[PDB]
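**Student:** Once you've had a glance at the structure underneath, I'll fire off some questions.
Just so you know, all these numbers are worked out from the coordinates, no wet-lab data involved. Quick reminder, even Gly has a Cβ in these numbers, built from the backbone with ideal geometry, and neighbours come from all protein chains shown.
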Amino acid sequence: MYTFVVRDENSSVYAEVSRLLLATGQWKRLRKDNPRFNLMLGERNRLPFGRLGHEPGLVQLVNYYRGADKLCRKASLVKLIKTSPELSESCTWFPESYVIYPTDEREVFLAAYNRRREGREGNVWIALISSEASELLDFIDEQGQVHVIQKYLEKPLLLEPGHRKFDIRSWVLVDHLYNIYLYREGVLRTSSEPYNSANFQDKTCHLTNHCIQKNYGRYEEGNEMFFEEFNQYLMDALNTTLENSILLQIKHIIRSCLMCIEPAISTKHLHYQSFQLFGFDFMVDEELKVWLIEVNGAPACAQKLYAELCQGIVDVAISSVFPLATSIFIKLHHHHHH
Amino acid sequence: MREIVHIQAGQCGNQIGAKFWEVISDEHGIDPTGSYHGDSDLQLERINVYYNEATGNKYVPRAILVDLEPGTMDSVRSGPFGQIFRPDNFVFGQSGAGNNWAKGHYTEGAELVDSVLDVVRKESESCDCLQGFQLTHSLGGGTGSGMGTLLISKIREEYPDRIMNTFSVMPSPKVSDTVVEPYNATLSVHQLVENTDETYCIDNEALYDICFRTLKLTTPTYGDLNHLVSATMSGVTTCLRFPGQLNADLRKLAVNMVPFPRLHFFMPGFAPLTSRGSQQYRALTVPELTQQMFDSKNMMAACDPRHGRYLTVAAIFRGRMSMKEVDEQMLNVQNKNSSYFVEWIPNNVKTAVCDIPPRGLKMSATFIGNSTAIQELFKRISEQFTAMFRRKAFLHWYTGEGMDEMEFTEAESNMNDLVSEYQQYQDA
Amino acid sequence: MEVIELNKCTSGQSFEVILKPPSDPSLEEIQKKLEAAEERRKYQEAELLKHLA
Amino acid sequence: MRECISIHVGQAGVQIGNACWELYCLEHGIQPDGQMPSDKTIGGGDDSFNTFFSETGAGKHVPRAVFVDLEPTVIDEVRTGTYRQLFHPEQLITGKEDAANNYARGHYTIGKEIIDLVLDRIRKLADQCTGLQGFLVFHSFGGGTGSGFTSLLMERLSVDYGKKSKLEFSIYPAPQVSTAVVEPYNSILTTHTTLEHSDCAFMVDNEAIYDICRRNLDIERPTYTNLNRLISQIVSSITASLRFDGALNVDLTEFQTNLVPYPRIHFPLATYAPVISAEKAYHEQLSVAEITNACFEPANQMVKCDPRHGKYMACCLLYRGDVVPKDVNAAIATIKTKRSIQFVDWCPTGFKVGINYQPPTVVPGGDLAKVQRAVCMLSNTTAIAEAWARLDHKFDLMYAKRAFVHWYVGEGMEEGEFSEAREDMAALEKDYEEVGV
Ligand SMILES: CC[C@H](C)[C@H](NC(=O)[C@H]1CCCCN1C)C(=O)N(CCCCC(C)C)[C@H](C[C@@H](O)c1nc(C(=O)N[C@@H](Cc2ccc(F)cc2)C[C@H](C)C(=O)O)cs1)C(C)C
Ligand SMILES: Nc1nc2c(ncn2[C@@H]2O[C@H](COP(=O)(O)OP(=O)(O)OP(=O)(O)O)[C@@H](O)[C@H]2O)c(=O)[nH]1
Ligand SMILES: Nc1ncnc2c1ncn2[C@@H]1O[C@H](COP(=O)(O)OP(=O)(O)CP(=O)(O)O)[C@@H](O)[C@H]1O
Ligand SMILES: Nc1nc2c(ncn2[C@@H]2O[C@H](COP(=O)(O)OP(=O)(O)O)[C@@H](O)[C@H]2O)c(=O)[nH]1
Ligand SMILES: [Ca+2]
Ligand SMILES: [Mg+2]
Ligand SMILES: [Mg+2]
């Protein structure tokens, strides 16, 4: 009998993990404050990592990587990308971004901005969206919190019928050994109202969340296109595949990001172990170049896929460490010699 | 020398007390004349905890034998180890107490108590650094319950800064048919809540059921019961009698076992359970000792440990075994059954290992638990008490010695408060 | 990067190496505290003997 | 030459004390007699070893040490053991009845009645000192005497020697060898009371040492003998600079200067390598690069924590054996590029380095193998606040129910000293977080 503790009630993903674990009949749930657990399904914020791995006769495992917040906050991601030699500063797959504090790299932002003016090229940025610098600087200074001025992609790949925007969500599981596992099913979160070049005020064709989309669901069920259909659209419409045109770039970006922080976050020679599920958010431009938008440290799955992914998390993340009485993941590894 | 002064009162007290001295004398290589004949210096390092040392290299138990009748103490004097005790430490009347707590506490026992205290004073003054006192007695009779608690109260007055320890035998209708035992027990428990630091609840119900069900003795005697009491008594005092790390004295035991002053009633356990003679040829493994010592069927208090939570636990293993394996097995018990150990006292189980096993065994384990399940024992007494007391049944035997009903109401109250106090911490 | 403050001797040597640059109670009070504790302790003991009386 | 007085309080302090002077005597060539053949100035001197050892006309070398416990048993073993003739009887101070794992009993009840005798005996050592620099205090956090008496002593020593430095070697409680459930209470109490009076404190978590003994020395179930002989090595690496010719950490003031910018944040992390089983048949000798890289592994630290998720404010490397500066600097360069070593913005990212050519001495028939080179890293990092969090958590769990509190209140202490002690630690945890992110 193994033991666990649930410390985030809001997690749709780890509610399903605990449910699935209990169903096995070899995992008992304890109450949050009981320290004698094998597994912590931890809280979102202020997770007490200092208290893990100090219970004798218990191997302890947690569902977050301490320090992974550096990848999962927007201003930390820019700084991480900008200051790590393995990515920076000529990273081809992350939009030109600047960390901006309210009332810093604003002096450095305006410099590159004012060459896009005299260069006579498309000068739209995101924080939200505008082509004039005055609106954005004056917006954040007013707003409150720290923000990022990031280059907006004027030329996104558009789905037909409908001339619409989208973004790709890929779920990634990093186990206790730092094996990087990309789930084979991803999802496109679509706009359902045509993308407009000149019209930036109306921010529903431009911002492709699942919530802000509220016509809705004209083309696909809940504005969620999945990989079989999107592969078929790419074959029929563009004479290419998902794997070739998009999924290699996604694999490269995921593996680059996670190898960059491995020294800072790995639990290889530690007294407790970590795993974590990330959600990477990707944008695809009209040239089929993939761009990283952000990484989410506490993702939610899409309704269809919950059952499979959560069983995967149990199989490779939890049952690897705590064994009981066809693979949904692609393992991301590359060792090129030079 | 950190000296403990032992007192035994009444039939039960003197009978289990006599047997305690037999067992520990054999463990320390002391024979009936008080001469050392052992083959190990570990036996003598802390001998002064229980024995004074006279001239001729003689060891005398620091033991005071008290009773209001002469029968049980003539039986002890005439017994095999009887010649070991100091003769002036036998203090006894002729009247008896008639299984009446009022007679023991207020009338018959009052007449004799100052001559007991004179012997206690003499033994105490002779101590370089006295730890305190341990009393053996039953709570169901008259002398041990009534006079025994009177003694506790007087000793506390003279020695307010010493530890008071009891082995209190609880009455069961499976062993005794005296109708007024719940009265004597409830009055005595009222005293124990106020004036003791540590009480071992040796429950006759548990001792009987162990002997009948587990040991397969269809007609148990007191001797069969007492054999389990002496094993337990040998076990729980091991840390006081040999070197030397965990719970090595009475105050250190109390600071580990007693998170709140009133909740100082302990539930002892033992493995392996044995009957006299009937031979343990097979030594237990470390995993079996650990499973058995925590088993309900091995508790000397008739309480279901799964019905409560452990506040604190002391586990003491005896014999030559793997310390690594003891540590694994102990951690295993608290990790597999973690919800029965209060989360709000971290690391509440402590473990000792002594290299010398008890007579006739290679491996033993002794459990001492402060569980909230002990409320079931007090609740059983309370129900037996209230049944009679709501009709004032048999109360004339007590009011005829000058007691008022109000004493009964107060004692009833304090014990019901104890019960609700245990339930308070069971639900935190 | 930069070694400084190098001292050598027969027993050993020491130095500093820089990779990057930057960017009580009185004796009385103790006794008032120890005596107040003793007085509280003695009050508790006196109350006990009051109750036992 | 400036003298240092070592004070050993409680069982842990005394027993760690024995292992230390044993090890010093071996390192310096002093016999259990007290006789040092290699010392040529008979009847006195001012060599570096005279910081720790005074001298008599008969050529005897006597530790500048006081052992104090409220209980004769363990100090009686010092009186009658191998090193009995090394110590003058007035250095070994014993009570009768101990503090029963109760801070309040050690501090208030039994502390009050013994404090003046201990100071008298410490005063007798300070009087035979030409220039006393201060004190090294050894004690547990968990015992009553170790927690309670030490904190009182430290308050007194401040009064009687305000200008003198005080260093601690403190044993942090671990359930695998603890003897009391109230050690978290005792630890927070003594930490609160001692915080102002200690210039630099080296915490050793018994959990870390116990695991190092299992993992690297292949010991099934470590005893205090196993733990202390390892502790004494770490202590010796730290005090070697005061007892031997050198220019790094030559006096007690430098420990503070080099390791403690913020006075309250005075708990440097000690990491030691290599730890190699004597019974190990064949062993590849580890390089300067390897032992220096082992200093950034949580598994080798005296307190298990993660310096990657904190900031350094100072970092000394103390080598013993066949080591030259060329190898140390090359090792640092490599290490820096592979590891996460953030300093605070207001300190230079850098390392103070000290090398002694004599390799570590081992106790004959011990568990530790002889090695060609060893290192103790002393780094002040915010990651050690993890140890306060763990301890503060256990305190909170018990204190919310007022469990065992009646034992302390019974000895004179007020329930409010608990919450004061606690909220001082709350502020300490908050100081470390302020510096660390
Ligand atoms: C015919 C009555 C028998 C003797 C009694 N049964 C009952 O009381 C039943 C009957 C009806 C309802 C339920 N009750 C409990 C009974 O078996 N008793 C206790 C009552 C004795 C009270 C009176 C009659 C004297 C058992 C004890 C009884 O058998 C005795 N044991 C001993 C005894 O242990 N004697 C030893 C010495 C000794 C004497 C007195 C003591 F207090 C202790 C030890 C020596 C023997 C050889 C030994 O070691 O086994 C003496 S009497 C209990 C365990 C239930
Ligand atoms: N490393 C090490 N720890 C010890 C030693 N002795 C005790 N301890 C630890 O110290 C704590 C107990 O404190 P002790 O020093 O025994 O207690 P004390 O200071 O003698 O205080 P009292 O006995 O209460 O008067 C526990 O955490 C023990 O694990 C030792 O020799 N070495
Ligand atoms: N540089 C950019 N170019 C084009 N579109 C962008 C963009 N940055 C953000 N977006 C749009 O904004 C949407 C959400 O962006 P982002 O993920 O940064 O916000 P968010 O973090 O509040 C949503 P979530 O955390 O749930 O994924 C994306 O779906 C994308 O269409
Ligand atoms: N276990 C055990 N119980 C006993 C013994 N003798 C008496 N009792 C119990 O003690 C109670 C009566 O107390 P007793 O000691 O005989 O009366 P006292 O002489 O007035 O103290 C009854 O519940 C008996 O069952 C004994 O030797 N062993
Ligand atoms: Ca000299
Ligand atoms: Mg009788
Ligand atoms: Mg002690």
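**Student:** Give me the Kirkwood hydrodynamic radius of chain D in Å, from all C-alpha pairs, to one decimal place?
**Tutor:** Values: mean 1/r = 0.0453 Å⁻¹.
Taking every pair of different Cα atoms in chain D, averaging 1/r and inverting gives 22.1 Å.
**Student:** Which value, in Å to one decimal place, does the Kirkwood hydrodynamic radius take for region B:176-224 when every pair of different Cα atoms is included?
**Tutor:** The answer is 12.9 Å.
**Student:** In what sequence, highest mean first, do B:327-335, B:265-273 appear when ranked by Cβ atoms within 10 angstrom?
**Tutor:** B:265-273, B:327-335
**Student:** Around D:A278, which amide H atoms from residues at least 5 apart in sequence, or from another chain, sit under 5 Å from its own amide H, with H modelled in the peptide plane?
**Tutor:** Residues meeting the criterion, in which the H sits 1.01 Å from N, are D:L368, D:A369.
**Student:** Also, quick follow-up: Treating the Cα atoms of region B:311-422 as identical point scatterers in vacuum, please give the log10 of the normalised Debye intensity I(q)/I(0) at q = 0.11, 0.16, 0.23 Å⁻¹, two decimals.
**Tutor:** Log10 I(q)/I(0), no solvent term: -0.60, -0.82, -1.24.
**Student:** With no solvent and one point per C-alpha, what does the Debye sum give as log10 I(q)/I(0) for the protein assembly as shown at q = 0.05, 0.08, 0.10 Å⁻¹?
**Tutor:** -0.46, -1.01, -1.33
**Student:** I would also like to ask the following. Under the Karplus relation 6.51 cos²θ - 1.76 cosθ + 1.60, θ = phi - 60°, what is the ordered set of whole-Hz ³J(HN,Hα) values for region C:42-48, x standing for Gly and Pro?
**Tutor:** Values, residue by residue: 5, 5, 4, 5, 5, 4, 5 Hz.
**Student:** Could you derive backbone 3J(HN,Hα) for region B:190-201 from the dihedral phi with the Karplus parameters 6.51, -1.76 and 1.60 (θ = phi - 60°), listing whole Hz in sequence and x where the residue is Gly or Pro?
**Tutor:** 3J(HN,Hα) across region B:190-201, in whole Hz: 3, 5, 5, 4, 7, 10, 10, 8, 9, 10, 7, 7.
**Student:** Residues with beta-carbon under 9 Å from that of B:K174, excluding B:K174: net charge, scoring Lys, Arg +1 and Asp, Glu -1?
**Tutor:** Net of charged neighbours comes to -2.
**Student:** Rank these for me by crowding, B:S168, D:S419, going from fewest to most other beta carbons within 10 Å.
**Tutor:** D:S419, B:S168
**Student:** Could you tally the net charge around D:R79, taking each other residue with its Cβ under 14 Å from the Cβ of D:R79, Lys/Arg +1 and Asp/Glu -1? Don't skip to the answer; put the middle values down first.
**Tutor:** Working: positive: D:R84; negative: D:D69, D:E71, D:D76, D:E77, D:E90.
Charge balance in the 14 Å sphere: -4.
**Student:** Straight-line reach from A:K304: which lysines fall under 21 Å, measuring Cα to Cα and dropping same-chain residues less than 8 apart?
**Tutor:** Qualifying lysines at Cα under 21 Å: A:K214.
**Student:** Using each residue's phi in region A:164-181, evaluate 6.51 cos²θ - 1.76 cosθ + 1.60 at θ = phi - 60° and report the 3J(HN,Hα) Karplus result to the nearest Hz, with x for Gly and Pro.
**Tutor:** With the stated coefficients, region A:164-181 comes to 10, 7, 7, 9, 9, 10, 10, 8, 10, 10, 10, 7, 4, 8, 6, 6, 9, 10 Hz.
**Student:** Set the Förster distance to 41 Å, then compute FRET efficiency between A:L128 and A:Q26 from the Cβ-Cβ distance, nearest 0.05. All intermediate terms of the calculation are to be shown ahead of the outcome.
**Tutor:** On the way: r = 48 Å, r/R0 = 1.18.
Efficiency, rounded to the nearest 0.05: 0.25.
**Student:** Looking at this model, which pairs from A:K70/A:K268; A:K151/D:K338; A:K74/A:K289 are more than 26 angstrom apart at the alpha-carbon?
**Tutor:** A:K151/D:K338
**Student:** Turning to a different aspect of this structure: As I understand it, the dipole of region A:150-275 uses +1 on the Cβ of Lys and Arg and -1 on the Cβ of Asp and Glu, about the Cα centre. Which of A:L188, A:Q249, A:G217 lies farthest toward its positive end?
**Tutor:** A:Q249
**Student:** A further question on this structure: Taking amide H positions as placed in the peptide plane 1.01 Å from N, state which residues far from B:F90 in sequence (5 or more) or on other chains have amide H under 5 Å from it.
**Tutor:** Under 5 Å from the amide H of B:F90 lie the amide H atoms of B:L65, each far enough along the sequence or on another chain.
**Student:** Something else about it: What is the local net charge at B:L246, summed over the other residues whose Cβ is closer than 11 Å to its Cβ (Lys, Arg +1; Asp, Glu -1)? Don't skip to the end; give the middle numbers.
**Tutor:** Details: positive: B:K252, B:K350; negative: B:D249.
Summing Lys/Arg as +1 and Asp/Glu as -1 gives +1.
**Student:** Whole-Å semi-axes of chain B's equivalent ellipsoid, largest first, each the root of 5 times a Cα gyration tensor eigenvalue?
**Tutor:** Working through the eigenvalues yields semi-axes of 31, 28, 20 Å.
**Student:** Continuing with the same structure: Would you grab the residues whose amide H sits under 5 Å from the one on D:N101? Only those 5+ places off in sequence or on another chain, please, with H modelled 1.01 Å from N.
**Tutor:** When sequence neighbours closer than 5 places are left aside, the close amide H contacts are D:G144, D:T145.
**Student:** Can you find, among B:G244, B:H264, B:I47, the residue farthest towards the positive end of the dipole of chain B? Put +1 on the C-beta of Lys and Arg, -1 on that of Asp and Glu.
**Tutor:** Sorting the options by dipole projection puts first B:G244.
**Student:** Let me ask you something else. Given charges of +1 on the Cβ of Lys and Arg and -1 on the Cβ of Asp and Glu, with all other atoms neutral, how large is the dipole of region B:260-373 about its Cα centre, in debye to the nearest 20?
**Tutor:** Charge dipole of region B:260-373: 320 debye, to the nearest 20.
**Student:** Continuing with the same structure: Give the Rg (one decimal place) followed by the Dmax (whole number) of region D:3-259, computed from C-alpha coordinates and expressed in Å.
**Tutor:** 17.4, 52
**Student:** How large are Rg and Dmax for region B:260-373 when calculated on the C-alpha trace, in angstrom?
**Tutor:** In order Rg, Dmax, the Cα atoms of region B:260-373 give 14.1, 44 Å.
**Student:** How much space per residue, in cubic angstrom, does the convex hull of the C-alpha atoms of region A:162-317 take up?
**Tutor:** In region A:162-317, the Cα convex hull volume per residue is 130 Å³.
**Student:** As a quick test, which of the pairs C:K8/D:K370; C:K33/D:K112; D:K112/D:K164 have an alpha carbon distance above 18 angstrom in this structure?
**Tutor:** Where the Cα-Cα span goes over 18 Å, the pairs concerned are C:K8/D:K370; D:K112/D:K164.
**Student:** Tell me, what is a quarter of the convex hull surface for the C-alpha atoms of region B:374-428, in nm² with one decimal? All intermediate terms of the calculation are to be shown ahead of the outcome.
**Tutor:** Details: hull surface 15.8 nm².
Value for region B:374-428: 4.0 nm².
**Student:** Can I ask one more? Just want the answer: with Cβ charges of +1 for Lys and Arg and -1 for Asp and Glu, which residue in D:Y224, D:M313, D:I209 is farthest toward the dipole's positive end in region D:198-350?
**Tutor:** D:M313
**Student:** Kirkwood Rh over alpha-carbon pairs of region A:81-183, then Stokes-Einstein at 25 °C and 0.890 mPa s: what D in µm² s⁻¹, rounded to an integer?
**Tutor:** So the translational diffusion coefficient is about 149 µm²/s.
**Student:** Which three semi-axes in whole Å describe the equivalent ellipsoid of region A:2-62, each the square root of 5 times a Cα gyration tensor eigenvalue, listed largest first? Intermediate values should be presented prior to the final figure.
**Tutor:** Numbers: eigenvalues 65, 50, 13 Å².
Equivalent-ellipsoid dimensions as semi-axes: 18, 16, 8 Å.
**Student:** Counting each DSSP H run of 4 or more residues in the protein assembly as shown as -39500 (n - 2.57), what helix-only mean residue ellipticity at 222 nm follows after dividing by all residues, to the nearest 500 deg cm²/dmol?
**Tutor:** -11000 deg cm²/dmol
**Student:** Between B:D26, B:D67, B:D404, which gets the highest mean-square fluctuation from a Gaussian network model of chain B, Cα cutoff 10 Å?
**Tutor:** Evaluated over chain B, the most mobile residue of the options is B:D404.
**Student:** What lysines does B:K350 reach when the alpha-carbon gap must be under 28 Å and sequence neighbours fewer than 8 apart in one chain are set aside?
**Tutor:** Candidates past the 8-residue exclusion: A:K28, A:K32, B:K19, B:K252, B:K297, B:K324, B:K336, B:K362, D:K96, D:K304, D:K394, D:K401.
**Student:** Taking only the alpha-carbon atoms of region D:1-67, what semi-axes of the equivalent ellipsoid follow from 5 times the gyration tensor eigenvalues under a square root, in whole Å, largest first?
**Tutor:** On the way: eigenvalues 92, 33, 19 Å².
Equivalent ellipsoid of region D:1-67: 21, 13, 10 Å, largest first.
**Student:** For chain C, take the convex hull of the Cα atoms, compute a quarter of its surface area, and give me that in nm², please. Can you show the working numbers first?
**Tutor:** On the way: hull surface 45.9 nm².
With every direction weighted equally, the projected area is 11.5 nm².
**Student:** Please state, to two decimals, what the Cα-based radius of gyration of chain A comes to when divided by 2.2 N^0.38 Å (N = residues).
**Tutor:** Relative to the 2.2 N^0.38 Å estimate, chain A comes out at 1.07.
**Student:** Report the trypsin sites (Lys or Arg not before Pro) located in region B:257-341 that are in a DSSP loop and have at most 13 other Cβ atoms inside 10 Å of their Cβ, or state none.
**Tutor:** B:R276, B:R282, B:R320
**Student:** Identify all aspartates and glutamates with a Cα-Cα distance to B:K174 below 20 Å; exclude those on the same chain that are fewer than 8 residues away in sequence.
**Tutor:** Partners within reach: B:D203, B:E205, B:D209, B:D224, B:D304, B:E376, B:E383.
**Student:** Turning to a different aspect of this structure: Mind jotting down a quarter of the surface of the convex hull over the alpha carbons of region A:12-108, in square nanometres, one decimal?
**Tutor:** 10.4
**Student:** Follow-up. With no solvent and one point on each alpha carbon, what is the Debye value of log10 I(q)/I(0) for region B:1-128 at q = 0.09 Å⁻¹?
**Tutor:** -0.27
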